[PDB]
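Coming up is one lone chain in structure tokens, specifically the form solved without the named molecule.
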């Protein structure tokens, strides 16, 4: 199946077509049907093999545009690094032209990201430390999140973000969809699935 064969808005299909993207990776092809109907998934795939569209397309398809100044984000993607936050935010911005995506990360000051959040956001792609700082400031409000993504859960564990990831998910409605991507499934990741996910389907394309 090409992206064309899935039930995606014409505007999302136009965005993919323009960027030369026609064929899902295996993990994407298997994930899309479940993710597009709002189901929780664990995706186990290696390295930097392609998996961003397994969550970016569902976010794009699920969220209608909003004009409201000051609005809270309806999607949250957590990433282990600034590098990945910027890369994922760029990919999500491209397949979701109708959504305001804001990347949140440390290693820089607080002002610009604060100013972007106060203006309003639809999706936030964040590293966990900075995201938690903003939640504590009451600047990041997660109460309207409908889709939470953990991108490279095992890497977030190895960096020591376990507590921050848990706190952030705890600040989102449990009625949300949760998607967890990790090449390995350490005990902490299994605890997350149990505590923070709803009957997750596991898709493993490691081989």
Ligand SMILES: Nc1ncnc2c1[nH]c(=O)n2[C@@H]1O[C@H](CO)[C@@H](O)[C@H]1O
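Positions refer to the first chain, counted from 1.
Just so you know, the form deposited with the named molecule bound exists too; it's not on screen, but the next bit is about it.
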Does the named molecule get within 4.5 angstroms of any non-hydrogen atom of residue 182 in the deposited bound form? no
Check whether residue 177 has any heavy atom within 4.5 Å of a heavy atom of the named molecule in the deposited bound form, and answer yes or no. no
I'd like to check something about residue 65: if you look in the deposited bound form, is any of its heavy atoms closer than or equal to 4.5 Å to a heavy atom of the named molecule? no
Mark residue 193 yes when one of its heavy atoms lies within 4.5 Å of a heavy atom of the named molecule in the deposited bound form, and no otherwise. no
Quick check: do 49, 53 and 87 each get a heavy atom within 4.5 Å of the named molecule in the deposited bound form? yes
Using a 4.5 Å heavy atom cut-off, indicate which stretch of 169 to 177, 66 to 74, 142 to 150, 23 to 31 touches the named molecule in the deposited bound form. 23 to 31
Pull the contact list for 153 to 190: residues with a heavy atom within 4.5 Å of the named molecule in the deposited bound form, in sequence order. none
